[PDB]
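Below is one structure, written out as structure tokens, with a few remarks after it.
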């Protein structure tokens with residue numbers, strides 16, 4: 001067990017760490033669209049989706065991995081009518097990094113911490 | 128890592144793959160009750176529960192594993208009033224395969240892709 | 255692929271086992287605040303949070319692991335108004351065991367089994 005800590009993803013606002021590196025596998029906390037430098041949450045769902053994904057990227061990178069090493073994500077969201085937009089941002093994010101798409105679950109929950117539109121957790125493997 | 132692809136479960140409805148095989152462990156994407164031959168969703172919750180499980184099965188089998196290798200599932204549902212009925216179908220499914228019940232979490236979310244009544248993700252192990 | 259069974263966590267309310275020990279990793283089922291001795295659910299959310307965490311601990315300890323070996327939790331809750339209270343209980347729980355906080359996801363769902371206010375699942379690692 002090694003704790004992952006990076007200033008490139010928002011600091012924990014609760015009793016959790018950003019990531020844990022087990023050697024073979026890295027787990028992230030659920031990443032919300034909070035900007036790591038300012039603490040702000042962007043209003044637009046496209047911008048939230050991108051920021052949540054960049055926050056996941058920051059943690060995986062801090063472990064010595066990259067987006068292509070992510071093998072499973074869960075995307076908790078507040079509105080499935082956002083699905084198409086979120087998916088386009090998500091596809092572009094992986095495509096940008098020449099990364100195979102991970103396995104995924106996506107469900108619409110009632111509400112999320114800080115009233116964000118999505119929260120994304122990831123599991124990555126060290127090859 | 129190796130992508131799992133099978134015609135015996137539905138194709139991806141977003142930027143994800145059906146399953147990933149890490150050697151020691153297989154992850155599936157969350158499986159919804161879409162019939163792979165018709166692209167349609169049965170109305171009855173018993174039929175949906177069984178079909179989501181068959182979709183999970185197809186992916187685990189494509190990886191060279193069996194129902195008995197599944198060790199964790201998460202069952203997202205839209206109505207806990209369906210819990211007892213879902214549980215009966217789920218219990219029978221594992222019983223038919225002479226398989227130990229996996230660990231599980233079951234929660235009622237607000238909404239699921241294509242307005243299905245449940246979505247199930249699985250983790251299986253090889254050795 | 256050892257099943258974990260302990261009297262210090264409630265018996266299963268559906269077709270699942272309390273925990274599975276894979277050797278390298280232990281998974282628990284989602285634990286709800288049901289008292290393993292009495293079957294009763296405490297009314298106050300501070301008490302529900304402590305009890306769900308004790309139920310998780312019971313399974314992790316039954317496998318021969320410690321609170322400090324927990325590396326990921328997911329906390330499903332029904333009311334974000336309860337979040338600060340849950341976080342305080344959760345923080346104090348890890349602090350009492352001198353355990354660094356695991357990675358975490360937290361989401362507000364619509365409803366949980368037995369109408370409890372939270373459900374917590376855990377993953378722990380050996381060595």
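Chains as they are written, first to last, in this note's numbering: chain R, 1 to 127; chain Z, 128 to 254; chain H, 255 to 381. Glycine is no exception: its CB is placed at the ideal position from the N, C-alpha and C atoms.
If you draw a straight line from the alpha carbon of residue 156 of chain Z to that of residue 28 of chain R, how long is it in whole angstroms?
Approximately 18 Å between the Cα atoms of the pair.
Compute the beta-carbon to beta-carbon distance between residue 209 of chain Z and residue 253 of chain Z, rounded to the nearest angstrom, for a pair I have assumed lies under 8 Å.
With a Cβ gap of about 32 Å, residue 209 of chain Z and residue 253 of chain Z do not count as contacting.
For chain R, find out if any of its Cβ atoms is closer than 8 Å to the Cβ of residue 217 of chain Z; answer yes or no.
At a cut-off of 8 Å, the C-beta of residue 217 of chain Z has no neighbouring C-beta in chain R.
Can you tell which of H:260, H:367, H:286 and H:357 has the C-alpha that lies nearest to the C-alpha of residue 20 of chain R?
Residue 20 of chain R has its Cα closest to that of H:357, out of H:260, H:367, H:286 and H:357.
For the beta strand (DSSP E) holding residue 230 of chain Z, just list the boundary residues, first then last.
Its beta strand (DSSP E) spans residues 230–235.
Which residues in chain H sit within 7 Å of residue 1 of chain R, going by Cβ to Cβ distance?
For residue 1 of chain R, the chain H residues whose C-beta falls within less than 7 Å of its own C-beta are 325 and 379, listed in chain order.
Under a three-way DSSP split, which group does residue 128 of chain Z fall into?
DSSP places residue 128 of chain Z in coil when its eight states are reduced to three.
What are the residues that DSSP puts in a beta bridge with residue 376 of chain H?
DSSP lists H:327 as partners of residue 376 of chain H.
Does the beta carbon of residue 318 of chain H sit closer than 8 Å to a beta carbon anywhere in chain Z?
No, no contact with chain Z.
Using CA atoms only, rank isn't needed, just tell me which of Z:244, Z:151, Z:138 and Z:211 is closest to residue 165 of chain Z.
The candidate whose alpha carbon is nearest that of residue 165 of chain Z is Z:138.
Which residues share a DSSP beta bridge with residue 28 of chain R?
The bridge partners DSSP lists for residue 28 of chain R are R:19.
For residue 304 of chain H, name the three-state secondary structure that DSSP assigns.
Here DSSP, grouped into helix, strand and coil, assigns residue 304 of chain H to helix.
Identity of the residue in Z:240, Z:232, Z:235 and Z:228 nearest residue 106 of chain R by Cα:
Checked all of Z:240, Z:232, Z:235 and Z:228; the closest Cα to residue 106 of chain R is Z:240.
Looking at the unbroken alpha helix (DSSP H) that takes in residue 86 of chain R, where does it start and where does it end?
It spans 83–96 - the alpha helix (DSSP H) in which residue 86 of chain R sits, taken as one unbroken run.
Does the beta-carbon distance from residue 36 of chain R to residue 355 of chain H come in below 8 Å?
In this structure, residue 36 of chain R keeps its C-beta atom at 8 Å or more from the C-beta atom of residue 355 of chain H.
Would residue 319 of chain H pass as a contact of residue 263 of chain H if the rule is Cβ separation under 8 Å?
Using a Cβ distance threshold of 8 Å, residue 319 of chain H and residue 263 of chain H do not count as a contacting pair.
Measuring straight from C-alpha to C-alpha, what distance separates residue 2 of chain R and residue 272 of chain H?
Approximately 27 Å between the Cα atoms of the pair.
Listing by chain order, which chain R residues have their CB less than 9 Å from the CB of residue 149 of chain Z?
Contact of residue 149 of chain Z with chain R by beta-carbon distance below 9 Å involves 24, 25, 71 and 125.
With the cut-off set at 8 Å, would you say residue 260 of chain H and residue 297 of chain H are in Cβ contact?
Against a cut-off of 8 Å, the Cβ pair of residue 297 of chain H and residue 260 of chain H comes out as no contact.
Among R:26, R:58 and R:111, nearest to residue 77 of chain R - alpha-carbon criterion
Relative to residue 77 of chain R, the option among R:26, R:58 and R:111 whose CA is nearest is R:111.
For residue 211 of chain Z, count neighbouring C-beta atoms within 10 Å of its own C-beta (all shown protein chains included) and say buried if the count is 16 or more, exposed if not.
By the neighbour-count rule (16 or more Cβ atoms within 10 Å), residue 211 of chain Z is not buried but exposed.
Are the beta-carbon atoms of residue 280 of chain H and residue 314 of chain H separated by less than 8 Å?
In this structure, residue 280 of chain H sits near residue 314 of chain H, with a CB-CB distance shorter than 8 Å.
For residue 13 of chain R, count neighbouring Cβ atoms within 10 angstroms of its own Cβ and tell me buried if that reaches 16, exposed if not.
By the neighbour-count rule (16 or more Cβ atoms within 10 Å), residue 13 of chain R is not buried but exposed.
Using C-beta distances below 8 Å, list every residue in its chain close to residue 151 of chain Z, excluding the 5 sequence neighbours before and after it, in chain order.
For residue 151 of chain Z, where only same-chain residues beyond five positions count, the Cβ hits under 8 Å are 252, 253 and 254.
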